[PDB]
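Asks: Take this sequence and fold it.
(chains A, B, C, D, E, F, G, H and I, ligands or ions: 3)
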Amino acid sequence: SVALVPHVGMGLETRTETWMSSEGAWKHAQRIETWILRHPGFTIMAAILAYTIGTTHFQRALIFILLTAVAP
Amino acid sequence: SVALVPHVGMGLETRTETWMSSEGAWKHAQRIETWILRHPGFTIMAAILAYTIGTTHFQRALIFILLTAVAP
Amino acid sequence: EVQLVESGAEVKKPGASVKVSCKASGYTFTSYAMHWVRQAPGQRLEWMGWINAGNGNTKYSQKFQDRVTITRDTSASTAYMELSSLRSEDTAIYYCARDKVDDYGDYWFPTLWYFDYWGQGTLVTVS
Amino acid sequence: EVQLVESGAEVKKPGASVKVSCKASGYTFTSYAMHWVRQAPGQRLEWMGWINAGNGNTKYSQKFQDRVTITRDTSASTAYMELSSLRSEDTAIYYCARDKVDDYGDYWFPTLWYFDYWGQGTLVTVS
Amino acid sequence: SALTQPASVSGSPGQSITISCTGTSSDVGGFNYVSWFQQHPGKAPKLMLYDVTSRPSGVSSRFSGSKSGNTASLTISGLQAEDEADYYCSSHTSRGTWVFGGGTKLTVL
Amino acid sequence: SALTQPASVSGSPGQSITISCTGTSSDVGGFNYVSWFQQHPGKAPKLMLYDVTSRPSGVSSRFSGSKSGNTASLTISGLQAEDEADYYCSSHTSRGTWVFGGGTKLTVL
Amino acid sequence: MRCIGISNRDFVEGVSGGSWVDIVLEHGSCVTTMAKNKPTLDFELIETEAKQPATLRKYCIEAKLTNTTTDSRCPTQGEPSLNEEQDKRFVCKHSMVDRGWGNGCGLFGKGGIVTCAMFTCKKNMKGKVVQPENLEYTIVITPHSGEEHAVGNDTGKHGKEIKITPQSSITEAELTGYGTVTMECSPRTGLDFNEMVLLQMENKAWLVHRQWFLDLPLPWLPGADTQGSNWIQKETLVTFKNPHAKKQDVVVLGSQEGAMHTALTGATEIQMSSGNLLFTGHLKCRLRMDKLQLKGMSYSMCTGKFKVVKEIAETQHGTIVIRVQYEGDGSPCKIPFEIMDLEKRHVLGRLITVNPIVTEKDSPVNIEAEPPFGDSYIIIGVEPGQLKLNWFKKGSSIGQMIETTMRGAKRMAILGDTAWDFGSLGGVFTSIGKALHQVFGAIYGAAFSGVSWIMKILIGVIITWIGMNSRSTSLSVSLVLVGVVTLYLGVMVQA
Amino acid sequence: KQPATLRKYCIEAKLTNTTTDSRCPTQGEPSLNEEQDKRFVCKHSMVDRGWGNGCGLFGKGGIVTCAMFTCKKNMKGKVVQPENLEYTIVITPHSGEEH
Amino acid sequence: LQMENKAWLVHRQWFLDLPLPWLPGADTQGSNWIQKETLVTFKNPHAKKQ
Ligand SMILES: *[C@@H]1O[C@H](CO)[C@@H](O)[C@H](O)[C@H]1NC(C)=O
Ligand SMILES: *[C@@H]1O[C@H](CO)[C@@H](O)[C@H](O)[C@H]1NC(C)=O
Ligand SMILES: *[C@@H]1O[C@H](CO)[C@@H](O)[C@H](O)[C@H]1NC(C)=O
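Replies: Numbers count the residues shown, from 1 in each chain, chains lettered A, B, ... in the order given. Ligands and ions are numbered 1, 2, ... in the order given. Here you go:
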């Protein structure tokens, strides 16, 4: 809805703090981790898929964090 | 906020249609496709950073799709 | 065994509000609809009714939109119609009529046997 | 087989200290609970007394929280109930109760068949 | 906003009389809701014939119906003098509303 | 902190009378601690019903109780001439106190 | 009769084993039963209500803030303290303003500040759990009677509505003329309550997940609570504006009614307006048919001269529906209906309104039958005045079985393991595919959960690619049951 | 100093005058005079029809539904050109002066 | 931008792309809201009425 595209990375910011600093700065980092602790199956299976395709450890960690991030 | 984690994967789906079938099935795709057409430089940059990691074409395509899809 | 009866109110001066009832019996009233048909004396019947149900929906009759309103009642098994600001052409006899409601309670498609039993009628008078 | 007699009060004054007892016999008093309840004539049973036990614990009833003080005794197998600072609405009839206590000593969970037996009624007045 | 059945018809007791209603494709030309009512000059009418051809229980086995596109007809085989009544009509439109016939009465003598 | 039973009920000997009590979501509608007490005008009251429906010894197996959500019903079948008592209600709440009914008056004529 | 015209209905043939059959029927579908005898019936759910609800957790859609009092103190002297911080209606936050001699304190440091603002909800949103007892399905049973003007007839008194609960029993219905029928149902296994919260807005209602309903970011309050003012998670509906290092101020944060109508995407709507009427889910029903009289035996045949009174009209799934009417005498009698072919020997194309019957009057009857997939004659009587109606049914060669394969697979997508309870004790094959579907669907259930429309397709592409590159014959292991099935599930969700 | 709005959004609306129009399966889509009125919201879907709906032909007949969109809360956004944009700056020296 | 009693400072390309029913700014009576489909939803359950 309109509650997505939240007007973040488009400049215009100054010393004065925004409408939501310290509230809308960690809300995408809490609900991912809440989704991990409430849906572990895609975390283990995403770890197996990331560990499968990927030669170095950096690519396995990268695809793991990205597949963990794209899911809600 | 509450408009995130939008109650999608829970089981619980039947032959009846839900509250927002066909108004929420394609809003994510057209949301990121209207995101790319207003921020293309992240698509070029994510293309060249996904190209230089993952030395197979499928890992490059996968990291490009994921790095584009993470940014809302 | 299924009777629809009304309550006759005769004299009502033009400009006021007239109210008509429908004492239903013989069935569970919340599962059947209730129409209202007006017959001007000596000529064509006319469809006033708004499609009440167990919930209380209506249907927007274009010729009878902002002059008449309608009212249901669940406990006493009764339907009510309130015609406000009546005229010398809004004086007639008033009939109720019964149709049956869908299994979901959403009376939108009518039954093919609509208007099964009617009420005896209430003639009104103006001066 | 279980009878709960009480102690009567003749006449009191609003502000004085009325007092009523209960001689309980025929069963084991050391491990049951004793309540006290007030009935205005034809009115609601106002639950005065509290959850007495073998050690005499309390549960603060909200309407009578800072105006009643209750005690007990075991050597006489009785229960005590006295209400200080009376007024012109406390004049009513009194009763008693009976309920068993959990075997661990504590009584907060009541049992299913509470209020088995009752008193007989001792009327209090004001002047 | 009406149907256009004729003013009055007649006939000798014993022969057939067709009463026909004409309307647009909002109610009759597409749908099969075209009902038939009669009222005797005492008071309130009676549901006499269903969708196109069906009838209630207690209808005397001789009232028939058809629909030829934008026009539905009511025939009475074996006329008697009991059936002198004001024959009406009804139709569930595509909008959801009901419309009625213009008004047809019947004489036998 | 109170109960809302009607103040006066009536019924001939032979028919049934029911007394309902509306409680909140902590005292009656949540817990199975619902009791019923009648009171003679010259006698102290006495226990008549257990947790919901069950009975003590003494009374002669006529009185049945039920809980229909937030309502607690007292069904009486086969009225008599000595049953003109004051059927109070009771409920152990959630916090730990006991609430009671206001009072019912019962006659036969 | 009442099933003809409803989309995605299905037929079951067979009472094998004993005299029973297992059917599972949704609110949308309408299962029709057939046998070698035993007249046909039409079943579907119409209603499912939870009788007595009880609230779990009330949330707070919209609030207002009044009575703002702030309190700020000197640098390096403790923290501020205000009288209304003791109350828990008020919301509070400690932050750092900077102070000096112009603010009248000394020491020129960065001091403390509190701000209080009491919290007052004015729009509630409560959810009500129900236990899998005390809920009342309502199942309607209509035989193909061939009664007049009763086809597609979702209204009207024509069948038997029986109301089953887990409080209930065998619940047998004596539908007249045809005998009794008993439905041993399972009203507990199907919809799986105690994970369902009957959510309720102002005039709307949903059926949401329990664990989803518990962790919402709205300020909440426990269920059984009079004086609903002790809101617990008030920090997520007010925001504390400290723009510069000057003093701070409070503002409330609007209405999440529209912000939750996006959150309720994917939640199936129910109706909590007068009774908690649900219209979602299925109900497995064992149906035994050993007391079904057929209502039309012990009647003689016709003498002929029927009269078709409504045109032959095919439905979905390729079945005609005609309406004929007897002319003559001897009116309680059978009907010589048979469909056959060109050259007129082979009788091919069966019936669905088996034993059509003229029910003693001049009332037209309705006959449904399934013609073959080409030209066919449909014969409605005997030689003095029979009716040879010609008919051509479109296609239906191998497209029918490749259609019911896809529709059976989508029944395995909507239903879980319950789609194996659609037949009557296969035994060696059905009772084991039930369990293998419970373990494949079980370890599929503890994965792919929270995963959306798109991401199921994406993981299907990934497992498909890993299978199409791996070796030691794991290609068929990683494409067939996971690499393609998760693509089909990736398409057939978001109903 | 002088702003002028360029686009106003609506936050909370309401719907009134709900109408519908259904049609037989092989007779094409319906049409309403409310459909080309721009203050009504419209969409074409289809329901299934049969002899129990007074229809015939046993198919999926088209349907419309129209409802008058009525706003009652606005989010207007004003705009200013880079002229008539009046700053205010204070000037103060370090004088030895109390307060 | 301006809410009921609040006000922000957002840039115009973000403002013009908000999925919400808009109307051209300087006008009288509205009656011509443009993308009305983002604040209504149409429910078609069971392939019956909508
Ligand atoms: C605690 O109990 C005492 C007993 O008399 C009462 O006076 C006091 O008001 C109670 N305190 C609270 C906070 O309720
Ligand atoms: C809240 O504000 C109202 C009006 O300003 C006032 O009457 C009330 O006393 C305030 N509440 C408290 C707890 O002070
Ligand atoms: C909507 O119905 C209301 C009834 O009060 C009335 O304003 C009018 O008849 C309708 N408005 C339209 C169609 O714009």
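
Asks: Tell me how many other residues surround the residue of chain C found nearest chain F.
Replies: Residue of chain C nearest chain F, by CB to the nearest CB: residue C:75 (16.5 Å). Placement of C-beta: from N, CA and C, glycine included. Counted with other CB atoms under 10 Å in any protein chain shown, the neighbours of residue C:75 add up to 6.

Asks: So it, which state does it fall into?
Replies: coil (DSSP: H, G, I helix; E, B strand; the rest coil).

Asks: Which strand residues bridge residue E:104?
Replies: residue E:87 (DSSP bridges).

Asks: Apologies, that question was intended for residue G:288.
Replies: Beta-bridge pairing of residue G:288 under DSSP bridges involves residue G:20, residue G:182.

Asks: From residue G:173, how far off is it?
Replies: Distance from residue G:288 to residue G:173, counting by CB to CB, to the nearest Å: 13 Å.

Asks: Where do the helices of the chain begin and end?
Replies: All of this is about chain A. Assigned by DSSP state H, chain A shows helices spanning A:27-38, A:41-52, A:57-70.

Asks: let's do chain G instead
Replies: With DSSP H as the criterion, chain G has helices at G:210-214, G:257-261, G:399-414, G:430-445, G:453-469, G:475-479, G:485-491.

Asks: nearest to residue E:57, of those?
Replies: With CB to CB as the measure, helix G:399-414 is the member of the helices of chain G nearest residue E:57 (40.0 Å).

Asks: tell me the angle of that closest one relative to helix G:430-445?
Replies: Inter-element angle recorded for helix G:399-414 and helix G:430-445: 50 degrees (by axes from the mean of the first three to the mean of the last three CA atoms, to 10 degrees).

Asks: do helix G:399-414 and chain H meet?
Replies: No - judged by CB under 8 Å from any CB of the partner chain, helix G:399-414 makes no contact with chain H; its nearest approach is 15.8 Å.

Asks: Of all the helices of chain G, which one is nearest residue A:62?
Replies: With CB to CB, the closest approach to residue A:62 among these belongs to helix G:453-469: 14.8 Å.

Asks: Could you pull out the buried residues of the closest one?
Replies: Of all the residues in helix G:453-469, those buried under the rule 16 or more other CB atoms under 10 Å in any protein chain shown are G:453-467.

Asks: Which other helices and strands does it contact?
Replies: Packing contacts for helix G:453-469, counted by 3 or more CB pairs under 8 Å, 6 or more residues apart in numbering or on different chains; DSSP states H and E, involve helix A:41-52, helix B:27-36, helix B:57-70, helix G:475-479, helix G:485-491.

Asks: now, which of the buried residues of helix G:453-469 sits nearest chain E?
Replies: For those, the residue nearest chain E by CB to the nearest CB is residue G:453; the value is 35.4 Å.

Asks: Can you tell me how far the closest residue in space to that closest one that isn't next to it in sequence is from ligand 3?
Replies: Once flanking residues are discounted, residue G:453 sits nearest to residue G:494: 5.0 Å by CB to CB, 6 or more residues apart in numbering or on different chains. Distance of residue G:494 to ligand 3, given as CB to the nearest ligand atom, to the nearest Å: 35 Å.

Asks: JSON lines please, covering the helices and strands packed on helix G:453-469 and showing distance to residue E:107 and mean neighbour count.
Replies: Below are those laid out as JSON lines (distance: least, CB to CB, whole Å; neighbours: other CB atoms under 10 Å in any protein chain shown):
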{"stretch": "helix A:41-52", "distance to residue E:107": "82", "mean neighbour count": "17"}
{"stretch": "helix B:27-36", "distance to residue E:107": "68", "mean neighbour count": "14"}
{"stretch": "helix B:57-70", "distance to residue E:107": "81", "mean neighbour count": "18"}
{"stretch": "helix G:475-479", "distance to residue E:107": "82", "mean neighbour count": "15"}
{"stretch": "helix G:485-491", "distance to residue E:107": "68", "mean neighbour count": "19"}
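
Asks: which residues are common contacts for residue G:288 and residue G:173?
Replies: The contact sets of residue G:288 and residue G:173 overlap at residue G:181 (CB atoms under 8 Å, 6 or more residues apart in numbering or on different chains).

Asks: which residues does residue G:467 contact?
Replies: Listed by CB under 8 Å, 6+ apart, the contact set of residue G:467 reads G:474-475, G:477-479, G:482-483.

Asks: Widest-spaced pair of these?
Replies: Most distant of these, by CB to CB, are G:475 and G:482, 11.6 Å apart.

Asks: Setting the sequence-adjacent residues aside, check what's closest to the residue in chain A that chain D sits nearest to.
Replies: Nearest to chain D, among the residues of chain A, is residue A:38, at 34.5 Å (CB to the nearest CB). Once flanking residues are discounted, residue A:38 sits nearest to residue G:211: 6.5 Å by CB to CB, 6+ apart.
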